[PDB]
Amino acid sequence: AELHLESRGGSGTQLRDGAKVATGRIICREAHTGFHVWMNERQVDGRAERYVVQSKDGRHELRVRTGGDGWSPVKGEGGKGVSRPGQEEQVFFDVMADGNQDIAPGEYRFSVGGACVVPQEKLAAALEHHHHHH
């Protein structure tokens, strides 16, 4: 499982809701059933996938969300980010401005995590069955 991110839209202008601040992909090598991406950032308002990130100096905020085609917020206690089903090798996601905003000039630094959902096995005790054919 591996992430890539490429930067988008960093001009000194208003950010529009949905503006891509970064575009990413997650790649999986093993048989898998789906994907999970999140930010290692403060979640806002009890949301799984809506975050506030901070400038390099710690003094300024930008509200963002993770999403894109096929991505759904992860439900339930402890949920983070978004999930998407699929067995294909790679899918794309975006980090987007969440609501129209004016933010302070600076370098904004954030952390993205991800995973591939891989079937694993929990084994039973092997059973040696003696069959009486008679």
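Each residue number is its position in the shown sequence, starting from 1.
If you average the C-alpha B-factors over 7-15 and over 112-120, the higher value belongs to 7-15. According to the PDB record, 100-108 carries the higher mean C-alpha B-factor of the two stretches 100-108 and 33-41. Remark: of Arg84, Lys80, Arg63, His60, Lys80 shows the highest value [criterion: C-alpha B-factor in the PDB entry]. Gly67 sits in the middle third of its chain by CA B factor, as recorded in the PDB entry.
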